[PDB]
Every structure is written in structure tokens, then in C-alpha cells.
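Protein chains in written order, with PDB author numbering: chain U, 20 to 90; chain A, 20 to 91. Note that beta-carbon positions come from the ideal geometry of N, C-alpha and C, so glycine has one too. Before any comments, here is the structure.
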């Protein structure tokens, strides 16, 4: 039943899912922490003005993603 | 005012944020469709019975990621 393009979308999408699988591992091995605690730290850090100075483009978009899940 | 771990966390996060950008561009060049219409097709496709059968874990995470994105 799956069309060719439906087959290709799923296969393409899955590759981004296996990326999520490496990031979890990379967090565990790079900083020696759970993925959950990593995002708790990222949460707190994003609102610090010092983080904004460091990478202005990145934390502006992290802030926008934050504000769209609540508002 | 940033510690070493905090600067590294932000650099590490920058790489994955750059990945999401490349995914959008890949959506537009490969499938020649806008990102929003891609997720329309993708999300309508999860409800299709043959998609659940062909791959259990992908749609199950995709089903579980929109259910959570909706419940609150």
C-alpha cells in the first residue's frame, strides 16, 4: 500500500530518529549525565545573559523554541 | 560567567541545532516540498495501518511524540 514517496519519507525520517539515538549516548559519554539532567541544565543555562553573549544565534532559537511550547 | 561545562554544553547543542537546519534543507531538495507540508504527510502517514506494520518502533515513537505534543 505504501507509495514510493511514502516509503522514502519513512526511510529518510528514520535516519533522523537514529540521530536522536546517538545524541542520548553522546550526552551520557561526553558529560557523564542522564539525557534528562542535560536538558535541565540546558534549560537553566539558556536564560542566563552570559549564555546569550557566548552564542547569540543558538540561544535565541532555543529561547524561541521554549516560548512556543508554553504560550 | 560561563563555566567550562556550560560552554561545552552550548557548543555540543550548537551541532545538533545545525543538524535540524540541514534536515529542513534536505526536505526541500529531496522531496521538493515545504517543511510544513512534509510533517503533514508524515503525520497523516502514521495513522495508516500499513505504516505501523512496516516499522513498529519508528511510528510508535512518532505516534508517541505527537500524542505528547497534544495532551497538554
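Simplified DSSP state of residue i, which is helix, strand or coil
{"i": "residue 40 of chain A", "result": "helix"}
{"i": "residue 90 of chain U", "result": "coil"}
{"i": "residue 81 of chain U", "result": "helix"}
{"i": "residue 21 of chain U", "result": "coil"}
Within chain U, the residues that residue i reaches when beta carbons sit closer than 9 Å
{"i": "residue 44 of chain A", "result": "Near residue 44 of chain A there are no residues of chain U at all, since even the closest Cβ is about 13 Å away, more than 9 Å."}
Contact list for residue i against chain U, beta-carbon separation under 8 Å
{"i": "residue 74 of chain A", "result": "29 and 33"}
Contacts that residue i makes with chain U (C-beta to C-beta distance below 7 Å)
{"i": "residue 24 of chain A", "result": "50"}
Beta-carbon neighbours of residue i, restricted to chain A and to distances below 9 Å
{"i": "residue 56 of chain U", "result": "By Cβ distance, chain A contributes nothing, its closest Cβ being about 11 Å from residue 56 of chain U, past 9 Å."}
- Message: Which runs of the beta strand (DSSP E) at least 3 residues long sit entirely within the stretch 38–74 of chain U? Give them in chain order.
- Response: none
- Item | contact_flag[the stretch 24–31 of chain U, the stretch 77–88 of chain U] where n(CB pairs < 8 Å) is 3 or more | no
- Message: Pairs of beta-carbons, one from the stretch 42–56 of chain U and one from the stretch 52–65 of chain A, closer than 8 Å: are there three or more?
- Response: no
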